[PDB]
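Shown next: coords-v2.txt, containing compact mmCIF, C-alpha atoms and all ligand atoms.
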# COMPACT_ATOMS: atom_id res chain seq x y z
CA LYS U 1 9.72 -6.86 -28.72
CA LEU U 2 8.40 -9.13 -25.95
CA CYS U 3 7.80 -7.20 -22.74
CA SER U 4 7.97 -10.74 -21.25
CA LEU U 5 11.65 -11.25 -22.08
CA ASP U 6 13.04 -8.95 -19.39
CA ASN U 7 10.34 -6.31 -19.34
CA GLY U 8 11.48 -5.25 -22.80
CA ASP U 9 14.53 -3.69 -21.13
CA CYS U 10 12.38 -0.86 -19.74
CA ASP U 11 12.84 0.68 -16.27
CA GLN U 12 9.15 0.58 -15.53
CA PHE U 13 6.00 0.34 -17.66
CA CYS U 14 6.27 -1.78 -20.83
CA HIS U 15 3.80 -1.74 -23.72
CA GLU U 16 3.85 -3.80 -26.89
CA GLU U 17 1.95 -1.28 -29.03
CA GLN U 18 2.46 -2.26 -32.70
CA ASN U 19 5.28 -4.73 -33.38
CA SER U 20 7.85 -3.12 -31.08
CA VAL U 21 8.26 -2.32 -27.40
CA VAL U 22 7.14 0.94 -25.79
CA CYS U 23 8.46 2.03 -22.40
CA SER U 24 6.96 4.67 -20.12
CA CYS U 25 7.25 5.86 -16.50
CA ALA U 26 5.19 6.69 -13.42
CA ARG U 27 4.11 10.30 -12.84
CA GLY U 28 7.12 12.30 -11.72
CA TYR U 29 9.52 10.61 -14.13
CA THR U 30 10.49 11.33 -17.73
CA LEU U 31 11.51 8.74 -20.30
CA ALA U 32 15.22 8.87 -21.09
CA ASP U 33 16.83 9.44 -24.48
CA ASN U 34 17.13 5.70 -25.06
CA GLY U 35 13.36 5.45 -24.54
CA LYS U 36 14.06 2.78 -21.94
CA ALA U 37 15.41 4.33 -18.73
CA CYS U 38 13.24 6.49 -16.44
CA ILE U 39 14.59 9.74 -15.02
CA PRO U 40 13.40 11.55 -11.84
CA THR U 41 12.46 15.20 -12.36
CA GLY U 42 12.37 16.04 -8.66
CA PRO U 43 14.16 15.54 -5.28
CA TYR U 44 11.61 13.01 -4.04
CA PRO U 45 10.32 10.81 -6.91
CA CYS U 46 7.72 8.16 -6.09
CA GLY U 47 8.71 4.62 -5.16
CA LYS U 48 12.24 5.59 -4.24
CA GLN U 49 13.61 4.96 -0.77
CA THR U 50 15.03 8.14 0.74
CA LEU U 51 18.33 6.53 1.78
CA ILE P 1 3.19 -6.73 12.00
CA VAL P 2 3.96 -10.15 13.49
CA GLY P 3 7.52 -11.21 12.72
CA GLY P 4 9.45 -9.24 10.12
CA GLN P 5 12.06 -6.50 10.44
CA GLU P 6 12.06 -2.87 11.55
CA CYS P 7 11.80 -0.09 8.95
CA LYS P 8 15.26 1.47 9.02
CA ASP P 9 15.93 5.10 8.12
CA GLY P 10 14.22 5.90 4.85
CA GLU P 11 13.20 2.32 4.01
CA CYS P 12 9.43 2.85 4.38
CA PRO P 13 8.99 6.58 3.52
CA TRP P 14 5.52 6.21 1.96
CA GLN P 15 4.08 4.85 5.22
CA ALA P 16 1.34 6.84 6.89
CA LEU P 17 -0.53 6.64 10.19
CA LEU P 18 -4.13 7.53 11.02
CA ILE P 19 -4.34 8.95 14.52
CA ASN P 20 -7.46 9.60 16.57
CA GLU P 21 -8.32 12.14 19.27
CA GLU P 22 -6.21 10.22 21.79
CA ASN P 23 -3.51 10.75 19.14
CA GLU P 24 -3.03 6.98 18.89
CA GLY P 25 -2.53 5.17 15.60
CA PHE P 26 -5.50 3.01 14.65
CA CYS P 27 -4.76 2.41 10.97
CA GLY P 28 -2.25 2.78 8.18
CA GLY P 29 -2.19 4.55 4.84
CA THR P 30 0.07 5.01 1.83
CA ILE P 31 1.30 8.37 0.59
CA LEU P 32 0.35 8.65 -3.08
CA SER P 33 1.33 12.29 -3.59
CA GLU P 34 1.68 15.53 -1.62
CA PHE P 35 -2.09 15.81 -1.18
CA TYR P 36 -3.46 12.25 -1.14
CA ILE P 37 -3.39 9.28 1.21
CA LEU P 38 -4.52 5.74 0.33
CA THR P 39 -6.28 3.66 2.97
CA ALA P 40 -8.98 1.08 3.62
CA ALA P 41 -12.64 2.10 3.74
CA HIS P 42 -13.37 0.09 6.89
CA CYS P 43 -10.77 2.20 8.76
CA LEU P 44 -12.98 5.25 8.34
CA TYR P 45 -15.34 3.61 10.82
CA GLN P 46 -12.84 2.82 13.60
CA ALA P 47 -12.44 6.49 14.54
CA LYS P 48 -14.50 9.56 15.36
CA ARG P 49 -12.31 12.31 13.88
CA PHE P 50 -8.71 11.67 12.78
CA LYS P 51 -5.59 13.12 11.16
CA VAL P 52 -2.65 11.46 9.37
CA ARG P 53 1.02 11.33 10.35
CA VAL P 54 4.01 10.92 8.01
CA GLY P 55 7.75 10.59 8.57
CA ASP P 56 7.21 8.72 11.83
CA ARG P 57 9.17 5.54 12.61
CA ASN P 58 9.03 5.48 16.44
CA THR P 59 5.77 6.47 18.18
CA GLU P 60 7.79 7.42 21.28
CA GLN P 61 10.83 9.59 20.50
CA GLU P 62 9.79 12.69 18.54
CA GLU P 63 11.57 12.75 15.17
CA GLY P 64 11.97 16.12 13.46
CA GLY P 65 10.94 14.58 10.16
CA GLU P 66 7.36 14.23 11.33
CA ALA P 67 4.32 16.26 10.37
CA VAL P 68 0.60 16.12 11.09
CA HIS P 69 -1.95 16.81 8.38
CA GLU P 70 -5.68 17.30 8.63
CA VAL P 71 -8.12 15.69 6.20
CA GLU P 72 -10.03 17.96 3.83
CA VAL P 73 -12.34 15.28 2.41
CA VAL P 74 -12.43 11.50 2.59
CA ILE P 75 -13.42 9.72 -0.60
CA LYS P 76 -14.83 6.40 0.59
CA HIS P 77 -15.97 3.86 -1.97
CA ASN P 78 -19.75 3.51 -1.96
CA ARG P 79 -19.78 -0.20 -2.87
CA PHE P 80 -17.89 -0.95 0.35
CA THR P 81 -19.69 -2.94 3.04
CA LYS P 82 -18.58 -4.52 6.29
CA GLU P 83 -20.38 -7.80 5.57
CA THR P 84 -18.12 -8.65 2.63
CA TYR P 85 -15.21 -6.24 3.08
CA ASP P 86 -15.37 -5.88 -0.69
CA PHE P 87 -14.15 -2.55 -2.08
CA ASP P 88 -12.11 -2.05 1.08
CA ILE P 89 -10.48 1.13 -0.20
CA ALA P 90 -10.53 4.92 0.25
CA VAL P 91 -8.53 8.01 -0.73
CA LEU P 92 -7.83 11.00 1.53
CA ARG P 93 -7.44 14.60 0.31
CA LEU P 94 -5.20 16.48 2.77
CA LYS P 95 -5.77 20.16 3.65
CA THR P 96 -2.07 21.08 3.50
CA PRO P 97 0.54 19.41 1.23
CA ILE P 98 3.11 16.85 2.41
CA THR P 99 6.70 18.09 2.46
CA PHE P 100 8.66 15.23 0.94
CA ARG P 101 11.84 14.81 2.99
CA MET P 102 13.69 11.80 4.35
CA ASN P 103 11.20 9.17 5.57
CA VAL P 104 8.48 11.09 3.77
CA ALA P 105 7.93 10.37 0.07
CA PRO P 106 5.14 9.04 -2.22
CA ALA P 107 4.79 5.50 -3.59
CA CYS P 108 4.35 5.05 -7.34
CA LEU P 109 0.94 4.14 -8.81
CA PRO P 110 1.50 1.57 -11.62
CA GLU P 111 -0.29 0.96 -14.92
CA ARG P 112 -2.95 -1.77 -14.48
CA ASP P 113 -1.79 -4.21 -17.19
CA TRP P 114 1.93 -3.92 -16.43
CA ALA P 115 1.32 -4.43 -12.71
CA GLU P 116 -0.84 -7.56 -12.93
CA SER P 117 1.69 -9.25 -15.23
CA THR P 118 5.00 -7.98 -13.83
CA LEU P 119 4.33 -6.68 -10.35
CA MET P 120 1.93 -9.27 -8.90
CA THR P 121 3.74 -12.14 -10.65
CA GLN P 122 6.87 -11.37 -8.65
CA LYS P 123 7.51 -13.71 -5.71
CA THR P 124 7.10 -11.19 -2.92
CA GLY P 125 5.70 -7.84 -1.81
CA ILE P 126 6.34 -5.63 1.24
CA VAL P 127 3.81 -4.81 3.91
CA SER P 128 4.35 -2.45 6.87
CA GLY P 129 2.59 -0.74 9.76
CA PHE P 130 2.60 0.17 13.46
CA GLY P 131 0.13 -2.62 14.25
CA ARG P 132 0.31 -5.42 16.81
CA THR P 133 3.39 -7.62 16.72
CA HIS P 134 1.25 -10.36 18.14
CA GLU P 135 -2.37 -11.46 17.86
CA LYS P 136 -2.92 -10.48 21.50
CA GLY P 137 -0.19 -7.97 22.29
CA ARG P 138 -0.47 -4.20 21.87
CA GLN P 139 0.04 -1.76 19.01
CA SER P 140 3.69 -1.60 17.99
CA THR P 141 5.82 1.42 18.89
CA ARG P 142 8.19 0.87 15.98
CA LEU P 143 7.25 0.87 12.30
CA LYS P 144 7.79 -2.65 10.95
CA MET P 145 8.12 -4.12 7.45
CA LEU P 146 7.46 -7.68 6.28
CA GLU P 147 8.36 -9.47 3.04
CA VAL P 148 5.21 -11.41 2.13
CA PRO P 149 5.18 -13.90 -0.76
CA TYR P 150 2.23 -13.68 -3.14
CA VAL P 151 -0.27 -16.46 -2.68
CA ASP P 152 -1.58 -18.59 -5.54
CA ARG P 153 -5.08 -17.22 -6.06
CA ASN P 154 -6.51 -20.72 -5.60
CA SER P 155 -4.87 -21.70 -2.32
CA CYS P 156 -6.17 -18.32 -1.15
CA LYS P 157 -9.81 -19.21 -1.78
CA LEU P 158 -9.51 -22.74 -0.35
CA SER P 159 -7.74 -21.67 2.87
CA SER P 160 -10.08 -18.71 3.35
CA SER P 161 -13.33 -19.04 5.33
CA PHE P 162 -14.91 -16.22 3.36
CA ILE P 163 -15.53 -15.19 -0.22
CA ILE P 164 -12.24 -13.91 -1.59
CA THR P 165 -13.64 -11.41 -4.11
CA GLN P 166 -11.90 -10.28 -7.30
CA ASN P 167 -11.08 -7.05 -5.42
CA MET P 168 -8.82 -8.91 -3.01
CA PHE P 169 -5.78 -11.15 -3.07
CA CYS P 170 -3.75 -13.17 -0.58
CA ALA P 171 -0.24 -12.68 0.73
CA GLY P 172 1.63 -14.18 3.64
CA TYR P 173 2.69 -17.62 4.81
CA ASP P 174 0.84 -20.84 5.55
CA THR P 175 2.86 -21.82 8.60
CA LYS P 176 5.57 -19.20 9.27
CA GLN P 177 4.55 -16.75 11.99
CA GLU P 178 4.58 -13.61 9.88
CA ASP P 179 1.70 -11.50 8.63
CA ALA P 180 0.05 -8.15 9.34
CA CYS P 181 -2.21 -7.77 12.37
CA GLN P 182 -4.56 -5.23 13.98
CA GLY P 183 -3.81 -1.56 13.41
CA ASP P 184 -1.94 -2.51 10.25
CA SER P 185 -5.05 -2.41 8.05
CA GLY P 186 -5.10 0.46 5.58
CA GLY P 187 -1.33 0.22 5.36
CA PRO P 188 0.79 -0.13 2.21
CA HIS P 189 1.36 -3.34 0.23
CA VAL P 190 4.18 -2.52 -2.16
CA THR P 191 6.06 -4.50 -4.79
CA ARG P 192 9.66 -3.82 -5.80
CA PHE P 193 10.91 -3.43 -9.38
CA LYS P 194 14.48 -2.20 -9.92
CA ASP P 195 14.77 -0.19 -6.71
CA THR P 196 11.44 1.53 -7.40
CA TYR P 197 8.40 0.53 -5.33
CA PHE P 198 4.78 0.36 -6.50
CA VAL P 199 1.54 0.38 -4.55
CA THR P 200 -0.14 -2.97 -5.10
CA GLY P 201 -2.44 -3.48 -2.16
CA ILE P 202 -4.22 -2.14 0.87
CA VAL P 203 -3.88 -4.07 4.14
CA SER P 204 -7.50 -5.29 4.35
CA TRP P 205 -8.15 -8.25 6.67
CA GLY P 206 -7.46 -11.78 7.80
CA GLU P 207 -8.83 -14.40 10.22
CA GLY P 208 -6.58 -13.59 13.12
CA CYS P 209 -2.87 -12.95 12.64
CA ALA P 210 -0.34 -15.32 11.08
CA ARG P 211 -2.68 -18.27 11.73
CA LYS P 212 -1.46 -21.60 10.35
CA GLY P 213 -3.52 -22.31 7.26
CA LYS P 214 -4.67 -18.73 6.80
CA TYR P 215 -3.32 -15.76 4.85
CA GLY P 216 -3.39 -11.96 4.84
CA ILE P 217 -6.15 -10.48 2.68
CA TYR P 218 -5.30 -7.36 0.67
CA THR P 219 -7.41 -5.00 -1.42
CA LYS P 220 -6.30 -5.36 -5.04
CA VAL P 221 -5.02 -1.90 -5.97
CA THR P 222 -4.71 -2.68 -9.69
CA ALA P 223 -8.48 -3.10 -9.67
CA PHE P 224 -9.21 0.46 -8.61
CA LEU P 225 -6.57 2.44 -10.47
CA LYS P 226 -8.98 4.46 -12.64
CA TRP P 227 -11.00 4.96 -9.48
CA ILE P 228 -7.97 6.35 -7.66
CA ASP P 229 -7.19 8.76 -10.49
CA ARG P 230 -10.78 9.92 -10.45
CA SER P 231 -10.46 10.40 -6.70
CA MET P 232 -7.25 12.45 -7.02
CA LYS P 233 -9.32 14.78 -9.20
CA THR P 234 -11.80 14.34 -6.32
CA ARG P 235 -15.17 12.66 -6.84
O1 LIG U 301 -6.89 -10.30 14.27
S1 LIG U 301 -7.55 -9.12 13.55
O2 LIG U 301 -7.26 -7.84 14.34
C1 LIG U 301 -6.97 -8.97 11.88
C2 LIG U 301 -5.65 -8.87 11.53
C3 LIG U 301 -5.14 -8.73 10.10
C4 LIG U 301 -4.23 -9.77 9.56
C5 LIG U 301 -3.71 -9.68 8.19
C6 LIG U 301 -4.08 -8.56 7.31
CL1 LIG U 301 -3.46 -8.45 5.68
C7 LIG U 301 -4.99 -7.53 7.84
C8 LIG U 301 -5.51 -7.61 9.19
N1 LIG U 301 -9.28 -9.33 13.49
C9 LIG U 301 -9.75 -10.66 12.91
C10 LIG U 301 -11.26 -10.76 12.54
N2 LIG U 301 -11.78 -9.52 11.84
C11 LIG U 301 -13.22 -9.60 11.46
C12 LIG U 301 -13.68 -10.48 10.24
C13 LIG U 301 -15.23 -10.49 9.94
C14 LIG U 301 -15.62 -11.40 8.70
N3 LIG U 301 -14.74 -11.25 7.43
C15 LIG U 301 -15.31 -11.42 6.02
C16 LIG U 301 -14.45 -11.29 4.80
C17 LIG U 301 -15.04 -11.46 3.48
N4 LIG U 301 -16.40 -11.76 3.31
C18 LIG U 301 -17.24 -11.89 4.41
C19 LIG U 301 -16.76 -11.74 5.77
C20 LIG U 301 -13.24 -10.93 7.67
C21 LIG U 301 -12.86 -10.10 8.95
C22 LIG U 301 -11.50 -8.27 12.61
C23 LIG U 301 -10.02 -8.09 13.03
CA CA U 302 8.39 9.89 16.49

Is it possible to give me this structure as structure tokens?
Amino acid sequence: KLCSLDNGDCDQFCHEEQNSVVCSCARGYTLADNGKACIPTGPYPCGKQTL
Amino acid sequence: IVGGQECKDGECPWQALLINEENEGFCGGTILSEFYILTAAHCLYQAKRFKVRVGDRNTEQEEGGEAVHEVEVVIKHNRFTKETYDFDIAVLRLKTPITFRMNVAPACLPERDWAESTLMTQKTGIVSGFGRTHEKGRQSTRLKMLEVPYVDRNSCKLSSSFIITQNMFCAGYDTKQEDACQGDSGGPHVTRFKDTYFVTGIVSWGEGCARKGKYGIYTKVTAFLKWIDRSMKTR
């Protein structure tokens, strides 16, 4: 818990619903298996520099 | 964009340009998705009829990554007014979809709560545009980018000569000669979080460019989220 700690260890959005942490991602991403990391589901996901 | 660096290959892919009949950029925009562009409402006045350009980093040497799109419908906020510049925001529905390629990609829209507490509490944000590199010079040929520290909401109000509404926020420097300028309005104000960028503001206005004592005024994106979603469903 404590999305203030280090964003609750999420990659993006962090919610404190109930007693625990709850991570989520922007449209175009899917939450990983660890419920923390965000994974792109396309070749050009938002907010990512096309380097 | 006075001061600041040049947007290198792929660094500012969500940048957009509003071009008029003369085919000259008059304002900026942010690519939200393949069909929508984010811009300032007051930019809708500075041009007769216009189109938007993506994947363009040098207004001189044609780059194959470019594309021109026509506007299907402009959703301009009703509450907007030139007297206060409050609600300086608008969303554009493109006729044809944007082909995401290098130098052409959308910027993420964040959740309101998360953003205000994690995004806007960060030290800096990034602003970019093809606008003047000087208060008196001409529109820039190269797309620039500028790291602009967030400004304590209080200093903002004090330094400002006008009512800084709750739909605006300050960013820039007090003395350093760096800040947006004309032509840059409507452009993207993005914040970085773990290599992923988020739209946070819309280049709105300022009293001159990089003036000592003054700051850059940006439309608070987090305050129109639900409005932007509604707009992407058109309304
Ligand atoms: O030099 S400029 O070209 C701007 C460059 C610039 C710099 C930083 C940022 Cl982030 C955005 C734009 N110029 C200055 C004066 N205003 C015209 C002003 C008219 C009065 N005004 C207000 C604001 C809020 N309530 C009531 C009145 C602000 C705008 C028109 C344009
Ligand atoms: Ca070009």

- Message: With all atoms listed in the file as the counted atoms, please give the residues lying no more than 9 Å from residue P:112, apart from itself and same-chain residues fewer than 4 positions off, as a PyMOL selection string.
- Response: chain P and resi 116-117+221-226

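The closest residue to residue P:177, picked from P:163, P:146, P:202, P:27 and counting all atoms listed in the file, is P:146.
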
- Query: Excluding same-chain residues fewer than 6 positions from residue P:119, what lies within 10 Å of it counting only C-alpha atoms, as a ChimeraX atom specification?
  - Reply: /P:110,112-113,125,190-193,197-200,222

- Task: Kindly indicate which residue among U:16, U:42, U:1, U:7 lies nearest to residue U:30, using all atoms listed in the file for the distances.
- Result: U:42

- List all protein, DNA and RNA residues that have an atom no more than 8 Å from any atom of ligand LIG 301 (chain U), counting all atoms listed in the file, and report them as a count of residues only. 34

- Query: Counting all atoms listed in the file, which protein, DNA or RNA residues come within 9 Å of ligand CA 302 (chain U), given as a list in words?
  - Reply: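 The distance check yields residues 55, 56, 57, 58, 59, 60, 61, 62, 63, 64, 65 and 66 of chain P.
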
- Task: Tell me which protein, DNA and RNA residues are within 6 Å of residue P:88, counting only C-alpha atoms, leaving out same-chain ones fewer than 5 positions away, and put them as a ChimeraX atom specification.
- Result: /P:40-41,80

- Contact set, chain P to chain U: 9 Å, only C-alpha atoms, as a VMD selection string: chain P and resid 9 to 14 32 to 33 100 to 111 113 to 115 117 to 118 190 192 to 199

- How many Å lie between atom CA of residue P:91 and atom CA of residue P:143, rounded to one decimal?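 A separation of 21.7 Å between them.
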